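Step one of this worksheet: look at the structure below.
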Amino acid sequence: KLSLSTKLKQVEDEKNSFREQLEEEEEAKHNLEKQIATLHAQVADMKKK
Amino acid sequence: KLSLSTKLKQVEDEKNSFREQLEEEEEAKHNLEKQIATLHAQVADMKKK
Amino acid sequence: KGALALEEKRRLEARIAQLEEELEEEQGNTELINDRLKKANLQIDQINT
Amino acid sequence: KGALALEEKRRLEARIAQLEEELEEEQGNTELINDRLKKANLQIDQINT
Amino acid sequence: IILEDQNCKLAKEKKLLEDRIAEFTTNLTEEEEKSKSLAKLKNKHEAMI
Amino acid sequence: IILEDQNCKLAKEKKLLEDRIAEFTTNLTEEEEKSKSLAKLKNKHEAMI
């Protein structure tokens, strides 16, 4: 029980860490995707300009 | 123990499945960063041009 | 085979135990016959004197 | 562990053989002691008469 | 998954049961001989009486 | 089915050992009851002998 509880808690902490890390990575792509749209729009606008 | 054993393997799948998303999220961020670098470089290149 | 192996000891246990009573017969004879000799030797010695 | 019962049962068989061997050895010893009782008993009936 | 926890539990119980059986079965051999030996002991007094 | 087959055959061991341990423990105590019962009855012969 302690080994399973400790292992379950350890796996839960690892999974919980991935959730917080996933949020940083999930939101990181949003800022990167928004920059691509802004950079591509500026590149297209600068190219046309 | 049945609930802990089942939850232990269940949490492992979540930590493993979520971990796979980190690689895809990280890889997606690298791909967006690569495009951002080219787009940002094009902006500076188009701006200087 | 495992269940029969453990049960096999019970068969020999009863035989090894029942055999103890048979061996005790000869063992008791060494104590009963010898004890009778003491009572007989005491009377034989008194009768001889 | 189940096979140990056969080994233990087989080991007990050695003691069973010793019980039978001791019976034969005790039978001869008991018979020898019985011979002295017969001679002593006869003296109690012969010397008394 | 449920069978793994049940099979693992039965594995530890089966191992402890066999180990505890030897602790009690071993005493049965001494008690069997002592109990059977005591039976013939009572007959010795009857025969001697 | 393969996992259940092992658990099925292994479950019988835990059930057989649990059921045999109860009989083995009672068997060892049976000699004590017979020995104690015969010893008590044998005491009467000792006092009479």
- prompt: Condition test on F:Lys12, is it under 19 Å from D:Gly2 (Cβ atoms) and either in contact with a strand residue (DSSP E or B) (Cβ under 7 Å, 6 or more places away or on another chain) or in a helix (DSSP H, G or I) (or both)?
  reply: yes
task: Would you mind stating whether B:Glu26 is facing another protein chain (nearest Cβ under 7 Å) and either within 27 Å of E:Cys8 (Cα to Cα) or charged (D, E, K, R) (or both)?
output: yes
- prompt: Looking at B:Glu20, is it more than 30 Å from A:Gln42 (Cβ to Cβ) and assigned to a helix (DSSP H, G or I)?
  reply: yes
field: Which numbered condition A:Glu20 fails, given (1) within 30 Å of B:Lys1 (Cα to Cα); (2) surrounded by 12 or more Cβ atoms within 10 Å (Cβ to Cβ)
entry: (2)
query: Given the conditions (1) touching a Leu at 6+ places or on another chain (Cβ under 7 Å); (2) among the charged types (D, E, K, R); (3) within 30 Å of D:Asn48 (Cα to Cα), and given that C:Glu22 satisfies all but one, which numbered condition is not satisfied?
result: (3)
task: Examine the range C:8-24 for a residue that is under 20 Å from E:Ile49 (Cα atoms), more than 7 Å from every other protein chain (Cβ to nearest Cβ), out of contact with any strand residue (DSSP E or B) (no Cβ under 6 Å at 6 or more places or on another chain) and assigned to a helix (DSSP H, G or I), and state whether such a residue exists.
output: no
field: Considering residues of the range A:5-49 that are of a type in the set (S, T, N, Q) and within 30 Å of B:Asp13 (Cβ to Cβ) only, the residue nearest to the chain's Cα centre (by Cα)
entry: A:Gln21
message: Take the conditions at the interface with chain C (Cβ under 7 Å from one of its Cβ atoms) and either surrounded by 16 or more Cβ atoms within 10 Å (Cβ to Cβ) or not small (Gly, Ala, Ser) (or both) and apply them to D:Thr30. Does it pass?
response: yes
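Scan the range B:29-49 for residues that are at the interface with chain A (Cβ under 7 Å from one of its Cβ atoms) and surrounded by fewer than 13 Cβ atoms within 10 Å (Cβ to Cβ) and report the count.
Residues in the range B:29-49 being at the interface with chain A (Cβ under 7 Å from one of its Cβ atoms) and surrounded by fewer than 13 Cβ atoms within 10 Å (Cβ to Cβ): 1 in total.
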query: Among (1) more than 7 Å from chain E (Cβ to nearest Cβ); (2) under 24 Å from C:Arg15 (Cβ atoms), where does F:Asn43 come up short?
result: (2)
Condition check for E:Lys40: buried (at least 17 other Cβ atoms within 10 Å of the Cβ) and within 23 Å of C:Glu7 (Cβ to Cβ): no
- request: Looking only at the range F:23-49, count how many residues are of a type in the set (A, V, I, L, M) and under 23 Å from C:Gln18 (Cα atoms).
  value: 4
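Read-outs: derived from the displayed coordinates by stated rules, not from any lab. Here Cβ is always computed from backbone atoms with ideal geometry, including for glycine, and neighbour counts include all displayed protein chains.
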